Amino acid sequence: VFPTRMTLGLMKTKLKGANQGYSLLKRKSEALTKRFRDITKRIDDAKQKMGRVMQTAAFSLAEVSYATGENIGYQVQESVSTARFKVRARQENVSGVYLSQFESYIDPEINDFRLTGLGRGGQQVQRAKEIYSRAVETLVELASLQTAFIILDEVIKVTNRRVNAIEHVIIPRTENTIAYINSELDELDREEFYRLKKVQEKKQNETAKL
Amino acid sequence: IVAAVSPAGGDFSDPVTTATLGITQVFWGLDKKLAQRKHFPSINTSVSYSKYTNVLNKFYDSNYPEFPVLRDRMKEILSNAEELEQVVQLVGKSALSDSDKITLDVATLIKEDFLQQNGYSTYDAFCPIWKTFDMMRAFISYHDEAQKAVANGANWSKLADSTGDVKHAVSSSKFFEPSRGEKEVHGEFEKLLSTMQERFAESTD
Amino acid sequence: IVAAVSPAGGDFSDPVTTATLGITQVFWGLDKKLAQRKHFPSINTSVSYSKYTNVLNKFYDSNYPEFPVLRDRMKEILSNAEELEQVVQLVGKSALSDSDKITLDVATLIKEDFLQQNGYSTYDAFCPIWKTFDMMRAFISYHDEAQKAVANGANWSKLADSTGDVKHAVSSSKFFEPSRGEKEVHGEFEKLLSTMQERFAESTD
Amino acid sequence: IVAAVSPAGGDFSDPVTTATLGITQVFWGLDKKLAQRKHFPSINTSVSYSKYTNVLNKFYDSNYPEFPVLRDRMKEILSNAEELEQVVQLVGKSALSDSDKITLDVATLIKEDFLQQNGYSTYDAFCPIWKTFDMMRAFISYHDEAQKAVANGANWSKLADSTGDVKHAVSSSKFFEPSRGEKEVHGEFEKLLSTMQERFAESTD
Amino acid sequence: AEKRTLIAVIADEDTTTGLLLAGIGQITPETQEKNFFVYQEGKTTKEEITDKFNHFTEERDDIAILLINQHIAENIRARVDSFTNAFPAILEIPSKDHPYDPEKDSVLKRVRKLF
Amino acid sequence: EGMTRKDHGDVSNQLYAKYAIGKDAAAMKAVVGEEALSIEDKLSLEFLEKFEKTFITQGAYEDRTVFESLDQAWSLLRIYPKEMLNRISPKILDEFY
Amino acid sequence: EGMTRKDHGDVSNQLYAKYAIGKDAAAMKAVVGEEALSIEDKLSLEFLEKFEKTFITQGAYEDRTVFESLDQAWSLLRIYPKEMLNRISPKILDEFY
């Protein structure tokens, strides 16, 4: 199966390459392990901040829609055909893997609608939408990093399992094969010298007498 | 002449095993991983080789054989099961497809039922060609039916767990001596093809 | 005295290579697997030494340009390319910075220009020392211009695509014989040295 | 017979270290980082082992020992902290509980007070069995009182700040003279047990 | 690259009316289909949230961020917890009349283990 | 001349380089996985599987010619681009491309 | 003593720790990239090239001493700040930067 003479030279470079790959996988797993909690704290604060900021603007719009009567929120949702706060995808190299980022953009195509002025309730509807846009921009800006946190949380489990599998499976077969190959090479190197010494003793014994 | 050998130096690179294995024409190896699972002998295509299987398959295929395709398919699935188990053990079950999981699932039952040949009774010591050809034909038909049901829409765990005692009855039909059926082919292996064919239609829909 | 060595005891550390490496003064490499891959005459750039490089480079520094700095920088680029190849293979190709891409691109052009050979002397198999130093000076000036252009703000694909005919003319300098110049050097490498400086400003923007 | 076993021939599978390790029943390892850390010997919980601890605990407990109860509890805190360090590194720093911080804090003070010795004074060379017996009982009672105080409702830093000089005096107890009780027993541990019992009520509330 | 500009939301008519008033999502003028799910409290079934979230998350690919309520996401915690992909990213937000809780987030469960 | 071609030596070095690249990437693909492999390793991996089941599979009574072996080696070597082949000359590679 | 200062034994731990941290920081810079490299790995990466290009490279006719080697080690260690040097005593670090 394996060689019987000079086989440790491949196992030494394989063990050194496995150690270097385990060191690089440990460094990348450390960087992803730091970035995962580093994004997880800001996502943990931005979830409650976006929840309260969305709850206040939802309560104000619910109070304005309840005070208005004949709520046109279904008509305002059906009357909308374009958005104002958009997002742009971008790739950012952080720790070696490609993460998803979001860039907020302002749309100047639609600012006011046909439901923003009808009478006395239009000032309350525009007053609710004016705080709703400012809460929506901070809600999207706080909710932008969820794809990067979800990507790093998925990448760290593969990196730790790959580094643990390679580091757990690397050294012992090559070391245990190299030790038995060195011992077999030592015994095979010793037997030919023992036979040549055994023949050399009887060869020198004839010349020693004469 | 059938002569077994053992490792005197502790490895498989000694002159005793290599000298007797080099002069011989047929080989039947033993895997330590398959031998640790209480299965002896365990070799499909990595420690076993034979040149007279082509001329030997002419007579057994001449009587009523199906071993000519099931032996190459079982040797190919058994040889691919170690390569799928190496990447599944090293990386994991995320870089493999459902076809490799179904092939490893059929190779696990084929290696468990084919490798185990010690026998716990008098009926588990004799192995005819009709029983091994019927078990390998039922395992190959279940492996092809799992790939066809997976191609027509299905899951691997729903296919194996949906099969269940259909494959468990084929795996359990080795503890009885052949005295039923025509001469050596009992009705339990004949009804397993109709039961697997009936379960393959219900597994698709 | 140029004496080729080979193994004679069944290992890579026999007494013939030990006494030949200690009794000799120059270390030359050779790979049969690299020579079979269309890389002959291949040599080892990580394991080698010579004592006449300072004495031969002393007269070559006065009667010719500074080839000794380009030899140490070319050995350092090939030494860094082997270290970047393990990180590029293990970690991934799209996980490295833009600084290692210029060293890998210069190491690929240096290994393709120096290690790349065809036949004995067919297809321009002759190469003088001044043509080799002038050919390596364009690769070192292109690598230093790419590393200096990438440091001041520049894309990797914009600079690599911004090179264009410079990398193709520098890589294709193994088919131009010495008849194009006077007797030793080629004038196309001298015009390519100013063409790399003129293309360095266009490659940055 | 305390004989050291160094490497010979650059190998670790020789019969000198393997025969001496298999023939002996007591082991005491030494690490290069432990010698630079001022640790003598450089083996905390995984570098040393002994099979004659049952007879030595029967004789030393035969004179006036209390080491037989805290013998497994002394190594159990170091094995729990060493097992918790890998779970804190791989699993996370916030995954551990309040009992693991008190066990690792007690194992750090017990390892720093007991294992941390470099001969700073005249009391760090000669150590009686009474001070080592009461030293493990003080750390065991401090760990049990810290776990029982933390189980009734408390913080880790509030429990350590609630202890204060009670835990700080146990680390500095080695600097005091060994003639505290008669000539060999430490009298600070006897009043430190009742002082830790009285401080356990203030640590919880 | 730029392959997602709309923001989907699955919540009540008040939060969807305020988010539509400030501007997050809208209806695309090439198919006449809205990019939001207006849910009624105690008037809609749970089967529509799985078809709306599955059609907005798996059928459409122009959505960059998909919002979800706490109660409506809690009733769809099987399909919402089963979707761990980042394209589009799912952000757990609190619903109207309910408080914020750390057990109603699918990213918190997988983010808790292997930190 | 008259019994062989000139591009057989470059096609054998290109096939040996592609087989060495595919065999080298096949051992590294099992440890790390398919998440860190580029398109160059997948091209040599597909070329090793395509050339492994085509050139190595032959009969025991039929003798293949050298021109049919070079034409079959050119079809297996025609899976990559012309710029990605550097084990042959450009004049002979451009004519027999 | 008499020709060698007392800080030469303490500066070797900071120089060996800076070179050992820069050796892992050199592969960590290519592994993590250009947006995940720490300032400690970048300062040790520049100190590895600056200390490697000035402390291990010398001519064939030049001479060195203990004071010139300690001044070159202090000049090579002077690139780092006072908050990143913790492998020596504070009196020797505050006295010689």
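Method of determination, as annotated in the archive: cryo-EM, at 7.6 Å resolution.

A. Structural detail: the overall build of chain A. If you tally the helices and strands in chain A, you get five helices and two strands. Counting helices and strands in the order they occur from the N terminus, chain A gives α-α-β-β-α-α-α. Here the C-alpha radius of gyration of chain A, 37 Å, is well above what a compact globule of 210 residues would show, namely 17 Å. Overall, chain A is about 135 × 30 × 25 Å in size when its C-alpha atoms are taken along their principal axes.

B. Structural detail: the overall build of chain B. Helix and strand counts for chain B stand at nine helices and two strands. Going from N to C terminus, chain B has its helices and strands arranged as α-β-α-β-α-α-α-α-α-α-α. Taken over C-alpha atoms, the radius of gyration comes to 19 Å for chain B, in line with the 17 Å a tight globule of 205 residues would show. Its C-alpha atoms give chain B principal-axis dimensions of roughly 60 × 50 × 30 Å.

C. Layout of the arrangement of the chains. The top pair by number of contacts, from a total of seven pairs of chains in contact, is chains A and E. The smallest C-alpha distance separating chain A from chain D is 7 Å, and no contact links them. Taking C-alpha atoms as the reference, chain B and chain G come no closer than 20 Å and do not contact one another.

D. Spotlight on unusual backbone geometry. Residue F40(D) is joined to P41(D) through a cis peptide bond whose omega torsion reads 0°. Looking at the element boundaries, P41(D) is found in the loop between α2 (32-36) and β2 (48-50). Put simply, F87(E) and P88(E) share a cis peptide bond, and its omega is 0°. Tracing the backbone shows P88(E) in the loop between α4 (77-82) and β4 (89-92). Phi is positive for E70(A), which is not a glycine, with a value near 60°. In this structure, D124(C) takes a positive phi of about 65° despite not being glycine.

E. Structural view of the interface of chain E and chain A. Chain E puts ten residues into the contact, and the matching count from chain A is eleven residues. The residue makeup of the side of chain E that touches chain A, split by class, is five nonpolar, three polar and two charged.

F. Fine view of the sheet that holds strand β3 (residues 63-68) of chain E. Residues and elements named next belong to chain E. Pairing is parallel across the open sheet formed by four strands, whose spatial order is β2-β1-β3-β4. Since the sheet does not close on itself, it has two edges, and those belong to β2 (36-39) and β4, each with one partner. Ignoring which end each strand starts from, the neighbouring axes of this sheet average 15° apart. The pairing of strand β1 (residues 6-12) with β3 spans three bridges and is classified as parallel. Along β3, the bridge assignment pairs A8 with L66. Helix-sheet contacts for helix α1 (residues 13-22) involve β1 and β2, and the interaxial angle to β1 is about 150°.

G. Region of the structure containing the pairing of strand β1 (residues 85-94) of chain A. Residue and element names in this part refer to chain A. Bridge analysis of β1 against strand β2 (residues 97-106) gives ten bridges, and the strand direction is antiparallel. Within the sheet, the bridge partner assigned to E92 lies in β2 and is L99. Hairpin connection between β1 and β2: a loop of two residues separates the two successive antiparallel strands, and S95 in this loop has a positive phi of roughly 80°.

H. Inspection of the environment of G22(F) at higher detail. Residue and element names in this part refer to chain F. Structurally, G22 can be placed in helix α1 (residues 8-31). A C-alpha to C-alpha distance of 4.5 Å links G22 and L45, two positions 23 residues apart in sequence. When near neighbours in sequence (up to four residues on either side) are disregarded, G22 contacts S44 and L45.

So, how was this worked out
Residues numbered from 1 in each chain as written, not as in the entry; some residues may be left out. Chains lettered and ligands numbered in written order. Part of a larger assembly, values for the part shown. Heavy atoms only, no water. Residues with missing side-chain atoms left out of burial classes, pairs and counts. Helix = DSSP H or I, 4+ residues; strand = E, 2+ residues; numbered from the N terminus. Rg over C-alpha atoms; globule rule 2.2 N^0.38 Å. Contact = heavy atoms within 4.5 Å. Nonpolar A, V, L, I, M, F, W, Y, C, P; charged D, E, K, R; others polar. Pairing = 2+ DSSP bridges. Axes fitted to C-alpha atoms, helices over the stretch in contact; angles between N-to-C directions.

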